[PDB]
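Topology and contacts: notes
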Amino acid sequence: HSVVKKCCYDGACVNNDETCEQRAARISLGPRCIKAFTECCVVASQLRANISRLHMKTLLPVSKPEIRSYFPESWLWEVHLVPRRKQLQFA
């Protein structure tokens, strides 16, 4: 639950292309974290030659605000003086 717990995540992630130990060389933050990011990637890659299709990932802060769908500019946002009856038209 350390500020490091992230690295022991986005280090776990996939890399068909490149290997952990080199991957980590790229990481500006703390050697405090480099550790995490290394052991993690290392182990997920260990396991990546066994439960496979059919792995499956549990998560840490799975918390981002997203909405799949968009919503338009509303319209008919006007204010009117209405004399017992008034009627405006519009498409």
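Bear in mind the residue numbers are our own, running from 1 along each chain as written, so they may not match the entry, and residues with no coordinates are left out. Here the displayed chains are drawn from a larger assembly, and the quantities reported describe the displayed chains exclusively. Processing note: side-chain calculations cover all non-hydrogen atoms of the structure and skip hydrogens and water entirely.

A closer look at the pattern of salt bridges
We apply this condition: A pairing counts as a salt bridge when a side-chain nitrogen of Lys or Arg comes within 4 Å of a carboxyl oxygen of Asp or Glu. A 1.4 Å probe rolled over the protein chains alone gives each residue an accessible area, and that area as a share of the maximum for its type sets the label: buried under 20%, exposed over 50%, partly exposed in between.
Applying the stated criterion across every chain yields a total of 1 salt bridge. Where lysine 64 meets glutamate 66, a salt bridge forms, and the shortest distance between an N and an O atom there is 2.9 Å. Taken individually, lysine 64 and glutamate 66 each receive the classification exposed, so the pair is uniform in this respect.

Looking at the state of the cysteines
Keep this limit in mind: In plain terms, two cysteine sulfur atoms within 2.5 Å form what is called a disulfide here. Counting from the N terminus, the helices are DSSP H or I runs at least four residues long and the strands are E runs at least two residues long.
Under the definition given, this model contains 3 disulfides. Residue pairing for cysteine 7: its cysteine sulfur links by disulfide to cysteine 33, the two sulfurs lying 2.0 Å apart. Disulfide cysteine 7 to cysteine 33: torsion about the S-S bond roughly -115°, handedness left-handed. Placement of the pair is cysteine 7 in helix α1 (residues 7-10) and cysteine 33 in helix α3 (residues 31-47), with a sequence separation of 26 residues. This pair shows no difference in class: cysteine 7 is buried, exactly as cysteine 33 is. Here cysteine 20 engages in a disulfide with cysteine 41; their sulfurs sit 2.0 Å apart. Here the S-S torsion is close to -80°, and the disulfide linking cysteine 20 with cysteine 41 is therefore left-handed.

What about the side chain of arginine 23?
Heads up, the rule is: Residues scored as positive are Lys and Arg, those scored as negative are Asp and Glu, and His as well as the terminal groups of each chain are ignored.
Mapping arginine 23 onto the fold places it in helix α2 (residues 20-24). Among buried charged residues, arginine 23 stands out as having no salt bridge; its nearest opposite-charge side chain is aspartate 10, 8.0 Å away.

In short, the description is geometric, and any link to function would need to be established separately.
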